[PDB]
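Beneath this line is the structure, given in structure tokens, with notes to follow.
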Amino acid sequence: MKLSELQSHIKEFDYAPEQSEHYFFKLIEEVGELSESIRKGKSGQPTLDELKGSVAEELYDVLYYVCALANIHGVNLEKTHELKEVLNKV
Amino acid sequence: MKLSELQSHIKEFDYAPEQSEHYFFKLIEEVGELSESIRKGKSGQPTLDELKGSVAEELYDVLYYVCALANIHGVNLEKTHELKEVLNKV
Amino acid sequence: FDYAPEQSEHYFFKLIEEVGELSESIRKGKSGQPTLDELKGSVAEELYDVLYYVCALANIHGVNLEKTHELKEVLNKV
Amino acid sequence: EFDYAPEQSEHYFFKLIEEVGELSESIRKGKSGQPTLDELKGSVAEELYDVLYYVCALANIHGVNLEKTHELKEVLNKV
Ligand SMILES: [Mg+2]
Ligand SMILES: [Mg+2]
Ligand SMILES: [Mg+2]
Ligand SMILES: [Mg+2]
Numbered sequence: 001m002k003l004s005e006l007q008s009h010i011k012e013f014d015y016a017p018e019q020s021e022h023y024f025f026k027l028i029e030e031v032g033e034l035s036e037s038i039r040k041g042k043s044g045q046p047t048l049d050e051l052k053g054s055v056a057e058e059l060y061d062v063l064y065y066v067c068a069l070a071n072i073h074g075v076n077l078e079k080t081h082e083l084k085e086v087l088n089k090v
Numbered sequence: 001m002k003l004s005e006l007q008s009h010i011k012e013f014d015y016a017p018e019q020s021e022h023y024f025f026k027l028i029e030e031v032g033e034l035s036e037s038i039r040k041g042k043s044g045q046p047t048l049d050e051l052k053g054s055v056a057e058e059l060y061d062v063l064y065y066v067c068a069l070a071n072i073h074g075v076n077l078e079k080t081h082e083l084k085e086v087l088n089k090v
Numbered sequence: 013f014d015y016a017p018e019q020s021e022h023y024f025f026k027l028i029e030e031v032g033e034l035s036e037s038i039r040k041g042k043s044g045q046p047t048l049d050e051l052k053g054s055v056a057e058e059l060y061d062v063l064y065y066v067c068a069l070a071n072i073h074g075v076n077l078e079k080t081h082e083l084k085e086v087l088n089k090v
Numbered sequence: 012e013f014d015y016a017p018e019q020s021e022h023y024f025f026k027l028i029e030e031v032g033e034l035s036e037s038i039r040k041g042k043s044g045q046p047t048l049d050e051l052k053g054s055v056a057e058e059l060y061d062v063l064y065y066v067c068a069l070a071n072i073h074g075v076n077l078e079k080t081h082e083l084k085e086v087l088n089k090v
């Protein structure tokens, strides 16, 4: 799973650039749920029936909105990653 | 950039499992910095000199701590992505 | 609690949880002053819940919110 | 200062999150206690107040009475 493929797969199915607030609201919701999963100690790599409410799920759900926000804000995350590599060597 | 490779690269240069709070704190810091960037409308794909403060950089920095929390919490994001695919299709 | 960092870490988790629930309630437009039967999930409840953990964190971190407000007011006029 | 209310709410919500980010930093760094004026910048005290400030600003624009809400919550908890 390439990171630019994740971003574009998410763009294929969930892209409403006139609803930028929707996506920011959702990011913050998922970070709240993540806080809860970490507080409860729901760590490790869940099977399918362990997934709901796990640190793993909430980590992914935050990632989803990172990517969804990137599409909305015209951000290429893979190209941004690369520029950060340049900064981190200089 | 493969997602597993990103997670694995971050773990090479930043992995302290006895400091789980460090990483959660840092996540919240970046989300606050991301919020500033969206508020200030610093959208688009920046060149190297436009990178500091950009929506692009803050989304990346948030991505970074999602991955680094995944490493700390024993989460495989790519495996978790696959599982979420299954639940979403149902 | 009695070990201070565990208390702080708890209230900080809860702070982020409520800020999440507040985001949802703003998204859904659950504004105004609710009666009791509309309290759950309202913006009002979530704003109170966030306020609650702010205050809880101030107690544990040795913060006087009222004296902090006054210090901020000097900086403001300055 | 703001005339269209969703725009005022959106601003205050962005600022609230910004301030929560800054509070996270002040806690990570252990900047606890009650500071004098020279120690206020970047302290836990400052960020707590700053978060408190936007909670209130957001309550004003959403038509929330925090005193009455607190009272309603107390009735619930007792139940
Ligand atoms: Mg979730
Ligand atoms: Mg940053
Ligand atoms: Mg709540
Ligand atoms: Mg501040």
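Residue numbers (the authors' numbering), protein chains in the order written: chain B, 1 to 90; chain A, 1 to 90; chain D, 13 to 90; chain C, 12 to 90. For each residue, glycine too, the CB sits at the ideal point set by N, CA and C.
Any chain D beta carbon closer than 8 Å to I72/A: Position 72 of the second sequence, counted from the start, is the residue given in the question as residue 72/A. By this cut-off, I72/A is not an interface position.
Whole runs of the beta strand (DSSP E) within the region 22–67 of chain A, excluding any shorter than 3 residues: Annotation: the region 22–67 of chain A contains no complete segment of the beta strand (DSSP E) (minimum length 3 residues).
Cross-chain neighbours of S35/D in chain B, by beta carbon under 9 Å: The residue given as residue 35/D occupies position 23 in the third sequence. Within chain B, the C-beta atoms nearer than 9 Å to that of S35/D come from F24, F25, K26, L27, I28, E29, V31, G32, in chain order.
Contacts around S4/A, its chain only, beta-carbon distance under 7 Å, and the 5 residues preceding and following it disregarded: Counted from its first residue, the second sequence places residue 4/A at position 4. Here the set comprises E78.
Test: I38/A CB closer than 8 Å to a CB of chain B: Counting from one through the second sequence, the residue named residue 38/A turns up at place 38. So, interface residue.
Straight-line gap, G32/C to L34/B (C-alpha atoms, nearest Å): Position 21 of the fourth sequence, counted from the first residue, corresponds to residue 32/C. Position 34 of the first sequence, counted from the first residue, corresponds to residue 34/B. The C-alpha of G32/C lies about 15 Å from the C-alpha of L34/B.
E36/C Cβ short of 7 Å to ligand 4 heavy atom set: Sequence index remark: in the fourth sequence, residue 36/C carries index 25 (1-based). Ligand 4 never approaches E36/C closely enough for any of its heavy atoms to be under 7 Å from the residue's Cβ.
At least 3 beta-carbon pairs within less than 8 Å: the region 54–66 of chain A vs the region 67–77 of chain B: Yes, since at least three Cβ pairs between the region 54–66 of chain A and the region 67–77 of chain B fall closer than 8 Å, the two stretches touch.
Chain D within 8 Å of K79/C, Cβ atoms only: Start at 1 with the first residue of the fourth sequence, and residue 79/C comes out as number 68. Contact with chain D is found for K79/C, since one of that chain's Cβ atoms lies less than 8 Å from the residue's Cβ.
Chain-ordered chain B contacts of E21/C [CB-CB under 7 Å]: Within the fourth sequence, the letter at position 10 stands for residue 21/C. Against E21/C, the close residues of chain B are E21, in the order they occur along the chain (beta-carbon pairs closer than 7 Å).
Proximity test, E58/D beta-carbon vs ligand 3 heavy atom, cut-off 7 Å: Position 46 of the third sequence, counted from the start, is the residue given in the question as residue 58/D. Yes, since a heavy atom of ligand 3 falls inside the 7 Å radius drawn around the Cβ of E58/D.
Proximity below 8 Å, CB of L63/D to CB of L83/C: Counted from its first residue, the third sequence places residue 63/D at position 51. Counted from its first residue, the fourth sequence places residue 83/C at position 72. In this structure, the beta-carbon distance from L63/D to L83/C does not fall below 8 Å.
Nearest residue (CA-CA) to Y60/B, options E30/B, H22/B, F24/B: Sequence index remark: in the first sequence, residue 60/B carries index 60 (1-based). Of all alpha-carbon atoms in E30/B, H22/B, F24/B, the one lying nearest the alpha-carbon of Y60/B is that of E30/B.
Member of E18/C, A16/C, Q45/C whose CA lies at the smallest distance from the CA of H81/D: Taking the third sequence and counting its residues from 1, the one referred to as residue 81/D is at position 69. Check the Cα spacing between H81/D and each of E18/C, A16/C, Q45/C: the tightest is with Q45/C.
Rounded C-alpha distance that separates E12/A from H73/B: Your numbering for residue 12/A matches position 12 in the second sequence. Your numbering for residue 73/B matches position 73 in the first sequence. The straight-line gap separating the alpha-carbon atoms of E12/A and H73/B is approximately 30 Å.
Exposure of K42/D, with buried meaning 16 or more beta-carbon neighbours within 10 Å: Counted from its first residue, the third sequence places residue 42/D at position 30. Residue environment for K42/D: buried (at least 16 other C-beta atoms within 10 angstroms of its C-beta).
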